[PDB]
Amino acid sequence: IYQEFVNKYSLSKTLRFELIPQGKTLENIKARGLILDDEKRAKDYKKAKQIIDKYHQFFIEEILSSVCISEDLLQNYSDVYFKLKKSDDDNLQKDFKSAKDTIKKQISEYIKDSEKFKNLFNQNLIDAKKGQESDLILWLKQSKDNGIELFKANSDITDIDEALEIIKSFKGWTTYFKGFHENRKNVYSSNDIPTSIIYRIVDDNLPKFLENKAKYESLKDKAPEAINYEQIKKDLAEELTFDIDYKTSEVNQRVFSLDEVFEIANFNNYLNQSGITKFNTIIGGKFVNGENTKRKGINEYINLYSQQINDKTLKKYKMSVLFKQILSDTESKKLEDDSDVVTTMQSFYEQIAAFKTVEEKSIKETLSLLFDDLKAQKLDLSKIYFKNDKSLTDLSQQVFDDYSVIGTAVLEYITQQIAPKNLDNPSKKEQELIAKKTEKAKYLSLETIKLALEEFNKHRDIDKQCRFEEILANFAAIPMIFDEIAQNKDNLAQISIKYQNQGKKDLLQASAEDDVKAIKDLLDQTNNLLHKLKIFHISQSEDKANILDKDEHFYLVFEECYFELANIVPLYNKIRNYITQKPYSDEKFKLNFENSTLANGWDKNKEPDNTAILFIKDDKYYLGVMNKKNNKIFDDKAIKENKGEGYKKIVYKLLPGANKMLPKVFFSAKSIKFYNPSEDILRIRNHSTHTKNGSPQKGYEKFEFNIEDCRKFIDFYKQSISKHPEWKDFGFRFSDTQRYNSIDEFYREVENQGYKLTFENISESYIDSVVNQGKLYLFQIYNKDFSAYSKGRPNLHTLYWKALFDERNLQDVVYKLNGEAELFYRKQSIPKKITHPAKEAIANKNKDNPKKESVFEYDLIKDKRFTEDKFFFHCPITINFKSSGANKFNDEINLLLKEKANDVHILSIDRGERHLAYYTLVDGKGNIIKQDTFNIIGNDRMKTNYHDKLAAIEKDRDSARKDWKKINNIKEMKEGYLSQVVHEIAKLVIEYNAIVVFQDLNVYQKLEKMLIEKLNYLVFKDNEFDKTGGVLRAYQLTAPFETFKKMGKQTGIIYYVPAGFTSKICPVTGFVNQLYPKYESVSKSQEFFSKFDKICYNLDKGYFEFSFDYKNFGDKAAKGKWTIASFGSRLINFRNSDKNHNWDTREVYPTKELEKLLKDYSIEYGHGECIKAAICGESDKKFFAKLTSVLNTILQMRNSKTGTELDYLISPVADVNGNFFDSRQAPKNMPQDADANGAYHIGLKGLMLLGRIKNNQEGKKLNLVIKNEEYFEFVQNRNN
RNA sequence: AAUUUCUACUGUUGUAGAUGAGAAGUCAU
DNA sequence: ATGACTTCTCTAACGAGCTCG
DNA sequence: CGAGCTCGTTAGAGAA
């Protein structure tokens, strides 16, 4: 079991906390403006990062414009490509990587050797050196102040006349960008890492250009057609100036042909963005800004040719568009603003004030006066067709308001005579309902609606039934909806002036819902005034035969004015989720306090550069931000003075990067003479002889690794550390150098043990003294458990943080504090209101609660997370720091489970909406142990039930459209359930020696994200400290998360299984709905019954049978005889989705429906032998198309829906001794409810994975996939 | 409805469970 | 226009530009 | 101006 499976690999968390200002640190900071002047160095940090980045683009458009020509090796890459992708052999794949390597270094050589490359990625870009300012103003102040590249119109920054101020503000702050330029240096990286522009061109466009000239050589096999070199390129000449040709050379401004493309050696023209925007007009085709028509390209002419010629497979020869170059800008050539929310409403009032109709009038003044003529059929009163989806119901709800009133009479005129049942396929047909009938996607007109209502008027009671003229008064005041939306514009004069702030947010909080009455109801006149006039517009819905017989009289203003007044259905999608956004309206911006390199590390020697140390005061943790002006105020001088009592002080001591550090002191100019490196050793470090991949010192030669030419370099290191002034404090204990093997085994142990944390007591009166002027900023690290009113269980981001500083920890550090983190200042989101006030009754909101009120002495403000300008401190850690890893992990536990066999259980899952899951803890030998749901959860005493809260909000899909004003915020709701599930999954695994499985989904998937990310480190809040699950020694069960798409057939102990074919199955044998009868033609249903062994009524037992060996079938020939029956009282389906039709499960019995047939056809059964031949002897539409819904029911087992009335699973087979399985007559070790037998055999799928691992051998590839001829094979031989 | 955040909260100035942040860029049921 | 996929960092110290002098 | 002088480079391993 999992008794040694702790401390396996290392991680990285990010514990967050909150900083409470102590003393009057809040009075020091708010005095001058030390955070007032912040958000001008966390806002201008990103304003400058995207004015530094277009010059980081303008560079790439002049180091890929006319340069970087990797000629004729493209041919050398074309050779290794087509043969390897067609024949995956070993020898070319080596040559493939050789071709892959060589293009990059050829390209990257000129890339890394520019005029502007070197002085871009350090101090020499922004501000470098006295006398000038370096390369960043060399483009703006020099190149683009004289010349004009005005992208300040196309930006957030106003102009360039002011933009100098954003540039010069970082003077000296140019060590602060040192993570931002730590990913630009993977843009130019010629390594196998996919952010690069060199992985963009070599391996991500070049095998997408070899598959381009594997088709253009096959294009001009019959492609002479009307392609723009034949007809027109006057437009595409300024657009295709084509400055260079790179097979030999070119004239400056010559226009090329359709042959420069697809050359193997012209791939050195397809590098940058401006050059793929000229590759994707030729295949793209673009516009002219002058009221013109689209001027096409190549794949917009094959659109005009594979419809001319009838070659349907000629669309295999379209040219795939290339990708985008990394980091390239794009050219042109919902919201949050409380002004645009008041301006788009003003634009909806203004857009109706100038809408152009046909007669120089409005769209409402055109469709309204025509209704007076169209009501008398003055327009085309016979072919007024709309998109036939809901206008049959909406017109039935237009003036009559009926679901079965007017729109249910067109069935006797539309789609009932594709094949009449009189001598033309009356019973013998191939089910010609798609071939002989195509009346599904036809449109219905007003004359066809009037003619549909003629049979309903002929079926009407009164003789004054509905004609096409009398019911025409229903669309009279539809043009009057513009008069009512005009009533929502007088109050906007007190609304638009009441929206004079840029970032207003007058409704996004929790208090201003009544202010939206001027917008959630004045936008209602366009909510329903256009929502009722949708019958006068022709939609786009057809089953391949859409004609509809459209008219032209009223349809001219219908598509125009219905489109001219579409400022509501677009405008009401503009207040669509602006209202339902909960307050986390944060900014979370960085604090500096003058220190760019703030808090990067805690180690003592660098402390006036970081200017932050922590303070323990007997488990009340504080943060001290030393002010930069006086940052020496915690040296050893004051520690020798103020050795008193009060705040303990953190002494941190650190050796980071033993690759980068043990050659940083020991071979460097200021201090090499103190160390005195020997003769043979100084040979090694130059040429990197001690490494296997290490970079040698420049101007030398990478020699070979050697055995003693590395171990001596440890023998240098084992003595040279003890000579250091500070690093002899640690007292390392290395092993013998016979036992080392490389330098990783040494650089790990100088980074394992290179961490010690100690404590120096400080007199409390001194700290109180220094805070009062401003010479220290002290802040308390704070969450739930760092307030005084806790009782019980602390957060798992407060069992770690309280165990960094443990004296059981710092024996052998498994929680290494880390650095680099920042301080964040969220402003006030929620303005303070209580709304659950003091000492009064407030109602509960649970249902299984033995209480119904609450008293609440103290107030509860709506959001005290967000009424307070809380500070925010981050804090990385490193769980299992001394024991890193994360390799060979998925193959470890298989060797673990083998030795500890016969002792392991299985978890499970299913999904649904009728449940949310249903776990099932299964044994290893059949008879299962436990089984429950994930609806009863939180089972200590409170028992909340998430299962019903989803359907509680699914019923309320209206008010975001109706009064345009709903608050549910369901999008984090449902994911928020998924968190609570994890622990109850997590508890069972250790407690019952279990393994876990899941479903696949290659948001029901996101719960598998959250057990790979959360069996990284599994520590129980109730478990004892430094015991097998405690905060130091806890469970690492997953190797961590990379992607969904390589989640494996294992991701730890979380084995997987294939989806589907669980939710239908009898348990004790395992037969599935594998037939699929649907009665296409007549005697193919006789082909069903003719293959049986015998079909008899078991008169000795009181039910029918259908005995069949499955051999005589061919869709999926799962063998074995099958003996289904009629004894269960199986339920028919509801035939659901019907508001007035048969949507109820009228239960049809099996045994009392074949004696309906025995009465209809008197084929007896008293002899007790084969009765197959006579039942085959009948052929009728009545005999078989009614036998469908019976034979859809003798088998079907999931049932009983619309009510969840213990929907239940009924066995046909009666395996060994004649008893069935009804899943409510079912014992506890068998499935029990709706989605229960789905999650059972998944475990029996899971036991099959264990069946291979149990008899596993030394085969390093282990077969963890399940064949359908195994899952249907294993479970049918369990008892035997 | 109170939280480092987020979900449900009465589990009472909080309770139970999980909680990785910052900058980037790429891609698409 | 949200989800998904690969990669970065999670540092103290030295050697230099540094105004002092 | 040689002590020192205060932020920007700089050492650059090992799985697979």
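Per Swiss-Prot, chain A residues shown: 3-335, 341-1009, 1023-1300, in order.
When the header is checked for method, it gives electron microscopy, 3.6 Å.
Heads up, the Cβ atoms here are built off N, Cα and C, so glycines get one too.
Listed in Swiss-Prot for this protein:
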REGION    A:47-51  region 'Binds crRNA alone and in crRNA-target DNA heteroduplex'
REGION    A:182-186  region 'Binds crRNA alone and in crRNA-target DNA heteroduplex'
SITE      A:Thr295  site 'Binds crRNA in crRNA-target DNA heteroduplex'
SITE      A:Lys320  site 'Binds DNA in crRNA-target DNA heteroduplex'
REGION    A:326-329  region 'Binds crRNA in crRNA-target DNA heteroduplex'
SITE      A:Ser334  site 'Binds DNA in crRNA-target DNA heteroduplex'
SITE      A:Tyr410  site 'Caps the crRNA-target DNA heteroduplex'
REGION    A:538-541  region 'Binds crRNA in crRNA-target DNA heteroduplex'
SITE      A:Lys589  site 'Binds DNA in crRNA-target DNA heteroduplex'
REGION    A:591-595  region 'Binds crRNA'
REGION    A:592-662  region 'Wedge region 2'
REGION    A:662-679  region 'LKL, important for PAM recognition and DNA unwinding'
REGION    A:671-677  region 'Binds DNA protospacer adjacent motif (PAM) on target DNA'
REGION    A:763-892  region 'Wedge region 3'
REGION    A:791-794  region 'Binds crRNA'
ACT_SITE  A:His843  active site, for pre-crRNA processing
ACT_SITE  A:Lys852  active site, for pre-crRNA processing
REGION    A:865-873  region 'Binds crRNA'
ACT_SITE  A:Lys869  active site, for pre-crRNA processing
REGION    A:954-971  region 'Bridge helix'
SITE      A:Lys1026  site 'Binds DNA in crRNA-target DNA heteroduplex'
SITE      A:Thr1063  site 'Binds DNA in crRNA-target DNA heteroduplex'
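Positions of the features from Swiss-Prot, shown on the structure.
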{"residue": "A:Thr295", "record": "site 'Binds crRNA in crRNA-target DNA heteroduplex'", "DSSP class": "coil"}
{"residue": "A:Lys320", "record": "site 'Binds DNA in crRNA-target DNA heteroduplex'", "DSSP class": "coil"}
{"residue": "A:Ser334", "record": "site 'Binds DNA in crRNA-target DNA heteroduplex'", "DSSP class": "coil"}
{"residue": "A:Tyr410", "record": "site 'Caps the crRNA-target DNA heteroduplex'", "DSSP class": "coil"}
{"residue": "A:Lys589", "record": "site 'Binds DNA in crRNA-target DNA heteroduplex'", "DSSP class": "coil"}
{"residue": "A:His843", "record": "active site, for pre-crRNA processing", "DSSP class": "coil"}
{"residue": "A:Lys852", "record": "active site, for pre-crRNA processing", "DSSP class": "coil"}
{"residue": "A:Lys869", "record": "active site, for pre-crRNA processing", "DSSP class": "coil"}
{"residue": "A:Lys1026", "record": "site 'Binds DNA in crRNA-target DNA heteroduplex'", "DSSP class": "helix"}
{"residue": "A:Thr1063", "record": "site 'Binds DNA in crRNA-target DNA heteroduplex'", "DSSP class": "coil"}
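Ranked by Cα separation from A:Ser334 (site 'Binds DNA in crRNA-target DNA heteroduplex'), the active-site residues A:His843, A:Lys852, A:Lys869 are led by A:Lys869. The closest partner of A:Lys589 (site 'Binds DNA in crRNA-target DNA heteroduplex') among the active-site residues, by CA position, is A:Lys869; the full candidate set was A:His843, A:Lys852, A:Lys869. Counting every protein chain shown, the number of other Cβ atoms lying within 10 Å of the Cβ of A:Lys869 (active site, for pre-crRNA processing) is 18. Among the recorded positions A:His843, A:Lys852, A:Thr1063, the ones whose Cα sits within 10 Å of the Cα of A:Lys869 (active site, for pre-crRNA processing) are A:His843.
Using a 10 Å Cβ-Cβ cutoff, A:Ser334 (site 'Binds DNA in crRNA-target DNA heteroduplex') registers 5 neighbours. Put simply, of A:47-51, A:182-186, A:326-329, A:538-541, A:763-892, the stretch with the most CB pairs closer than 8 A to the region 'Wedge region 2' (A:592-662) is A:763-892. Listed recorded positions near A:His843 (active site, for pre-crRNA processing): none (candidates A:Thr295, A:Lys852, A:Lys1026, A:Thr1063; Cα-Cα distance within 10 Å). Within its own chain, the region 'Binds crRNA in crRNA-target DNA heteroduplex' (A:538-541) has Cβ neighbours under 8 Å at 374, 393, 398, 401, 405, 482, 485, 488, 569, counting only residues six or more beyond its boundaries. For A:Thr1063 (site 'Binds DNA in crRNA-target DNA heteroduplex'), the nearest of the recorded positions A:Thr295, A:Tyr410, A:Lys852, A:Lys1026 in terms of C-alpha separation is A:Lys1026. Comparing CA positions across the recorded sites A:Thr295, A:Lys320, A:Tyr410, the one lying closest to A:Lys852 (active site, for pre-crRNA processing) turns out to be A:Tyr410. Taking the Cα of A:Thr295 (site 'Binds crRNA in crRNA-target DNA heteroduplex') as the reference point, the closest of the recorded sites A:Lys320, A:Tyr410, A:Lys1026 is A:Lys320. The sparsest Cβ neighbourhood within 10 Å, among the listed recorded sites (A:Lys320, A:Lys1026), is found at A:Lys1026. Per DSSP, the region 'Wedge region 3' (A:763-892) is made up of 15 helix, 23 strand, 92 coil.
A 10 Å cutoff on Cβ-Cβ distances gives A:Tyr410 (site 'Caps the crRNA-target DNA heteroduplex') a total of 11 other Cβ atoms nearby, all chains included.
A:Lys335 and A:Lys341 bracket a stretch of 5 residues that the deposited model omits, and the distance between their Cα atoms is 25 Å.
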